[PDB]
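I have placed the structure first, in the form of structure tokens, so that the comments after it can refer back to it.
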Amino acid sequence: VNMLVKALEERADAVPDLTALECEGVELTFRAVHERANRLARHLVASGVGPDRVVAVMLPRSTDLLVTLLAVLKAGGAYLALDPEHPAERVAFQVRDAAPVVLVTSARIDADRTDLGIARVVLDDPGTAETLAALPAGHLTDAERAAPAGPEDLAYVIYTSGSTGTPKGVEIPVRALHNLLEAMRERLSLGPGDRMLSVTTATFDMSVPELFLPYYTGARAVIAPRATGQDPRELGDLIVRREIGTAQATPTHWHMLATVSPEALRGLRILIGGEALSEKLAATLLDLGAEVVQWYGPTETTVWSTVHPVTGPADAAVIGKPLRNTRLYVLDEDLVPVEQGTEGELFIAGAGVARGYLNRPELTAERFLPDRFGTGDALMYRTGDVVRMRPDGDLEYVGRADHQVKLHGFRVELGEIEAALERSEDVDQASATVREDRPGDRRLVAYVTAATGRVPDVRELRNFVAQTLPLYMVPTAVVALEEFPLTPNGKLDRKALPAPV
Ligand SMILES: C[C@@H](N)C(=O)NS(=O)(=O)OC[C@H]1O[C@@H](n2cnc3c(N)ncnc32)[C@H](O)[C@@H]1O
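Position in the sequence shown (first residue = 1) + 7 = PDB author numbering.
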């Protein structure tokens, strides 16, 4: 009933001698990747892995990481990716919450980062390496598993970035990850020959396609080394040197790549998603020659749930059409569907919906409602995002249900202000926000970076805006910054923009 592993293995048997991973002039074949992963999967099964059991994984970005995650699935378990640079506490919360059976890790990480209270399977330990390399290396029969793997069995537990709040753990089933990858194979026409770039951190669920989609399709993950993760020059050079057709990043990161490595986007299939895509960015990407495909989706519904090819700068907030076996309801405050063109909160149903939050069963009930247009135990995720349907059936993101109460009797579209600001040649990026620095005095503030070799006069910026937008939308104060604050995932952090006087 685990079609995922059967498909993965069906693929490795049909291209045994192609390359499936490549990292720093090292390549592995499909047969090699799976033999290596099969051996671990047996050793895992001996370490207490079974269906719905969590295998903590703390490994640098490496072929060694991509092999392990594959092993965990083969073992019928579910993986929780830890971060070896994370403070002990971020990692200690996750271990206490998810009760991992075993930690797969490496002996080159400081032994105190891996001293977490779990059993350890350490790949580079002389001995574990001996036992591992000695195990039978064939694909596992279900006899060699702990128990048959169901479609409801967990694939992975990703943890959520709560607004300075208890991190929530999302439980993604196998049928949901299998469904996403199948849709992504179909939308991208991904197969042998094709190279995809694997760069995104494993604790960010946007990585999940970069980790399993090459396995699933017979493409080749070109793993960027850990150092190239933050150097956008080196990534541009890697993209060009190793002829990478497809890569996936947040818009913040795609911006950096254009600023520093314009040539790399020539003939490059960008997958962008995670924040809003400005019209300015969308034009830049297209000017440099990139094929742009936009993906939207909460982590509580796998990774992505909608896709839109961005043909031109108009489409920047068109998040497109639902992926396979996904259903998108845009409903009112009483859970009633709205008429085409009317705004409403986006509810997501179908195969990609998670099982719920991990042992936070109260907040589960508040965000995973019973699927109102489904049956039995089906569930629908309340995204918390407002959308409108255009006549063509495509959807457009409008904003977050919360950040929508009027400012001084008027609805403010904080994107319009940014697009206004981003038309001045002295500005690169703009972010707008409604501030409350003294309670009751809500005010519009906008933030700007500089275009290369220009200085934004932050008073004439208000002039420039005041002739394009309603006066109630002109920011009280504009503020120029050297760089924008970012989240660990490399998204703009609007909660950390400093207040003006
Ligand atoms: C809490 C955290 N673990 C989490 O759930 N992160 S999330 O990114 O998966 O959730 C979705 C959040 O990011 C926004 N978003 C994602 N893609 C977008 C896109 N393509 N266009 C415009 N907005 C996009 C959504 O509107 C919503 O704000």
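Backbone N, C-alpha and C fix where the C-beta goes; we use that ideal spot for every residue, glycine too.
Is residue i near ligand 1, in the sense that its beta carbon is under 7 Å from a heavy atom of that ligand?
i    : result
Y303 : yes
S268 : no
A105 : no
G281 : yes
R127 : no
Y479 : no
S285 : no
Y404 : yes
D392 : yes
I326 : yes
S312 : no
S168 : yes
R407 : yes
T306 : yes
Any idea what DSSP makes of residue i, helix, strand or coil?
i    : result
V434 : strand
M203 : strand
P239 : helix
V40  : helix
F219 : helix
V472 : helix
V52  : helix
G406 : strand
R97  : helix
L89  : coil
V229 : strand
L142 : coil
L66  : coil
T483 : coil
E443 : strand
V8   : coil
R103 : helix
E31  : coil
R18  : helix
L76  : helix
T121 : helix
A458 : coil
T135 : helix
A153 : coil
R46  : helix
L421 : helix
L161 : strand
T494 : coil
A506 : coil
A426 : helix
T148 : coil
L478 : helix
Report back the beta-carbon spacing between residue i and residue j to the nearest angstrom; my notes put them in contact at under 8 Å.
i           : j    : result
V452        : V465 : At roughly 11 Å, the Cβ-Cβ gap does not stay under 8 Å, so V452 and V465 are not in contact.
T36         : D20  : No, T36 and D20 are not in contact; Cβ-Cβ is about 12 Å, not under 8 Å.
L187        : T224 : Contact doesn't hold; Cβ gap of about 13 Å is too wide.
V267        : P239 : 5 Å
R127        : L110 : 5 Å
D378        : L386 : 6 Å
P258        : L284 : 5 Å
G359        : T382 : That belief does not hold up - the Cβ atoms of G359 and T382 are roughly 17 Å apart, past 8 Å.
residue 511 : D435 : The first residue shown for the chain is 8 and the last is 508, placing residue 511 beyond what the model contains.
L338        : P344 : 6 Å
- Take every Cβ of the region 69-85, pair it with every Cβ of the region 149-164, and state whether three or more of those distances are shorter than 8 Å. With three or more CB-CB distances shorter than 8 Å, the region 69-85 counts as touching the region 149-164.
- Are the region 218-235 and the region 185-204 touching, with three or more C-beta to C-beta distances below 8 Å? yes
- Item | Three-pair Cβ contact test at 8 Å for the region 39-54 versus the region 241-261 | no
- Item | Segment contact flag, the region 495-503 with the region 456-476, C-beta cutoff 8 Å, min 3 pairs | Cβ pair count under 8 Å is below three, so no.
- Message: For the region 47-55 against the region 134-147, do three or more pairs of beta-carbon atoms, one drawn from each stretch, fall closer than 8 Å, so that the two count as touching?
- Response: Contact annotation: the region 47-55 touches the region 134-147, with at least three C-beta pairs closer than 8 Å.
- Item | alpha helix (DSSP H) runs contained entirely in the region 164-212, provided each spans 4 or more residues | Restricting attention to alpha helix (DSSP H) runs no shorter than 4 residues, the region 164-212 encloses them at 181-195, ordered along the chain.
- Count the C-beta pairs between the region 283-303 and the region 166-178 that are closer than 8 Å, then say yes if the count reaches three, no if not. At 8 Å Cβ cutoff, the stretches do not touch.
- Task: Would you list, in sequence order, the uninterrupted alpha helix (DSSP H) runs of no fewer than 4 residues that lie entirely inside the region 317-393?
- Result: 368-374
- Item | beta strand (DSSP E) runs contained entirely in the region 233-319, provided each spans 3 or more residues | If only complete runs of 3 or more residues are kept, the region 233-319 shows the beta strand (DSSP E) at 253-256, 276-279, 298-303, 313-316, in order along the chain.
- Is the number of C-beta pairs between the region 343-356 and the region 384-404 that are closer than 8 Å three or more? yes
- Examine the Cβ distances between the region 359-366 and the region 399-414 and report whether three or more of them are shorter than 8 Å. By the Cβ test, the region 359-366 is not in contact with the region 399-414, since fewer than three Cβ pairs between them sit closer than 8 Å.
- Query: Between the region 86-93 and the region 142-150, do three or more beta carbon pairs fall short of 8 Å?
  - Reply: no
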